Structure formats: C-alpha cells, structure tokens
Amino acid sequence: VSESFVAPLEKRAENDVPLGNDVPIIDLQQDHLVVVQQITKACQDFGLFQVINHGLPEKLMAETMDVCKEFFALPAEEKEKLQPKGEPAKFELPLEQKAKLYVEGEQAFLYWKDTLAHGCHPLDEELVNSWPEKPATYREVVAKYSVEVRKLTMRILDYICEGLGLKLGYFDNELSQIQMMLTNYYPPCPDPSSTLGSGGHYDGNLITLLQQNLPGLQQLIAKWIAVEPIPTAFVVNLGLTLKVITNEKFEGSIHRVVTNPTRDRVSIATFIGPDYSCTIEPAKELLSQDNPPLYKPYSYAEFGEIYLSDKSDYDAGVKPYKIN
C-alpha cells in the first residue's frame, strides 16, 4: 500500500482480535422497564450495545444498504460531482449538511475509507436536493431511512432519560438537532497489518446508530474486541457529548475499523447530536456534592474544532474542559 495509508506502529491492528461475547444485544420488544434497565446497564458498563426487534423495518434496512452499495459502485465521473474543487472534503468546521465525499486521517496518515456524508434533519426540499442524484432511488429510500433511524434514536434517548432520572424528551431539542448520515466504504486492502479503515475514536456527538453486514468494527475495553455483525440490528455508540452530559455515569464507545484483504465493506452511521451553537455541560439535575461536575460548560463548535484536529488522545476534545 501507499505510505500515505501506513498507520503508526502502535495504532496497527493485531491480526486475531477476539469476538466481544459480552457486547449486550438488547431486545426492545421486552417489557418497558426491562429495556430501560438493560440499556442503562450497557450505557454504564460498555457505552456500546446492539438493539434488535427495534421497530425499524428490516426491508428498509436492506434497501438502504443496497442503495448505499449502489452509490459506491458509481463511476468516477459521477463521484466527482460530490468532490468540491476536484477532491474529497475534510471533516473540519464548518461541516456543511449538503452531500460530499470525505477523506479522513490523523495529523500523519490517511484512513483506508471513502465516506459519503450529508445532513438529514430537518428534512426539507433544499436539503434533499443537495443529496446524491444517483442512484435514482437514493433520495426516496434514505429520506425514509433518515426519519425511521431518528425515531429509533429518540426512543433510545428516552430509555436513557428514564435510566438517568432525567425528564422524558431531555435530548429532544438543540442537543439532537444535527443528524449526519455517514455511509462508509472500505475497499479491499493489500496490507491490513499496516492500515486502518478508521482510527480508534469516540464519536464526538451525542449518540450514533451504526448498521453493518460484515466484520471490521472493533471496540476498546488496552484490549480490542470484535463487534459481531448482525445485519438486522443497530450498533448503538454513546458519544463523548453524552459522556459529558451524564458526568461520566455513562461510558463513551471507543471503536476502530480494520481493513480486509479480500472483500469491500459498507457501513451506515447516523450521527445525532447538538447544533454547533450549543453549550455542553453535565446535566445540572444529576449534580450534587456527592456527584460534582467533571467538566465546565463549553462551546460545541470549540470542542468540534479540537475533536476533528487533535488525535493525541481519544478525549483530546474534552481535556481542556475537565475540572475536579
């Protein structure tokens, strides 16, 4: 592989990462209180769990994976239409909601990944008109998927509210206003020992729902485990923003993606979180002398700039705001 994609020795993935047998798989059609308790335990102990019987149509999940794979099969001449000034966009502020293809790495090497990203909320003609023109059915399918994934995310956030003792709808406001859909394409890699599909990270936002069909996702528990792909499940990743708002009562998910020498992989990640204008702080309702705030209030925009640039540590984004 090109030296551009060679990860530092210490960040390279071990060849035989064991299956995460303790990754919670939570049936959302259990009794209400059982679902609240199981989600609460997973959030406190792991920060990553899967949800099944989640009420999002399996047919729509399959149709969305199909049109996302069809997009990445498009020829160069079509993909160039999403490359501003002839190259992929960077994950940097301002992060626009119009569809673009993105490159990503650490500042230095590149991740073995192409990412299509666009905003999904609120859905209006202006936003959907800025989405991919091809495939023809992308806009129709992903509009429906967007609404359904948001519905499921807001259900999970209200289970989280009951678990924390926050009023229902606590996150149904500026804290969930941005919905970025990242479709990740991992082409086959001639040397998986040297490369990463995605470097180890927290998702910086509030909560992320990840749809996957194939292996490659790994979680840090300095031990890495493999997250079993369940094609009809969503992987729920708690973000660094939720870690801060819960005053570390919940864990954030630290995860990475490894490359494969034989086959490509598409994942669909729905990133829900605050507007860039938001102030982030530990929920005052949960604070006391027994539970003092571990973070001072901060600008999400200021956090965002550090989070997207500084990868010296997983929580480099929030280190400046740590107190007590």
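One rule holds for the numbers: they count along the sequence shown, beginning at 1.
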Task: Deposited residues omitted from coordinates between residue 107 and residue 108, as a class - done: 4 to 9
- [ ] Select one of none, 1 to 3, 4 to 9, or 10 or more to describe the deposited residues without coordinates separating residue 221 and residue 222.
- [x] 1 to 3
Open item on the list: Quick check on the record: does 111-119 or 167-175 carry the larger mean Cα temperature factor?
Closed with: 167-175
Task: 277-285 versus 264-272 - which carries the larger mean C-alpha B factor in the record - done: 277-285
Task: Of the residues 180, 233, 226, 93, the one carrying the largest Cα B-factor as recorded - done: 93
Open item on the list: Taking only the Cα B-factors deposited for this chain, tell me whether residue 44 sits in the lowest, middle or highest third.
Closed with: highest
TODO: Grab the CA temperature factor for residue 189 from the record and place it in the lowest, middle or highest third of its chain.
DONE: highest
Open item on the list: Per the entry's values, where does residue 249 land by CA temperature factor relative to the rest of its chain, in the lowest, middle or highest third?
Closed with: highest
Open item on the list: Using only modelled residues of the chain, where does the Cα B factor of residue 203 rank: lowest third, middle third or highest third?
Closed with: lowest
Open item on the list: Test of reading the entry: by CA B factor among the chain's modelled residues, which third contains residue 128?
Closed with: highest
